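Have a look below at one chain only, the form deposited in one PDB entry, in structure tokens format.
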């Protein structure tokens, strides 16, 4: 698009796709529905919420001027999970496995 054109493509076609395909991705695919999940404090504690669909649509809409802004959103998805929940929680173990895959794919991203 503009800055980091091949890198934004990689984030969309490799990183996002491979995280989505991962079997643990489903709790991270859409914004947390705090009414349906009965979590009235979720959006009190998490002020920068992020999910894979928001990243997907942002990439589709060319929202990111550079790849680092998209990487920030991926990292925020994980950090929000560890902030809201506790060690040993099922959602935290799922996030950790996804984050390990994310770090592999990010490490393989070709330079600009």
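Positions refer to the first chain, counted from 1. If you superpose the two forms and keep the largest set of C-alpha atoms that fall within 1.5 Å, you have the rigid core.
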Comparing 101-109 with 2-10, the one whose average Cα B-factor in the PDB entry is higher: 2-10
When the Cα temperature factors in the entry are averaged, is it 80-88 or 58-66 that ends up higher? 58-66
Listed options 50, 46, 71, 35: highest C-alpha B factor recorded at 35
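Absent from the display: the form deposited in another entry. The rest refers to it.
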Superposing the core, which one of 53, 68, 48, 61 shows a C-alpha shift reaching 2 Å or more between this form and the one not shown? 48
Would one find the Cα atoms of residue 43 and residue 90 closer or farther in the other form than in this form, where their distance changes by 3 Å or more? closer
Distance flag for residue 101 and residue 45 (Cα, change 3 Å or more) in the other form: the two residues are closer
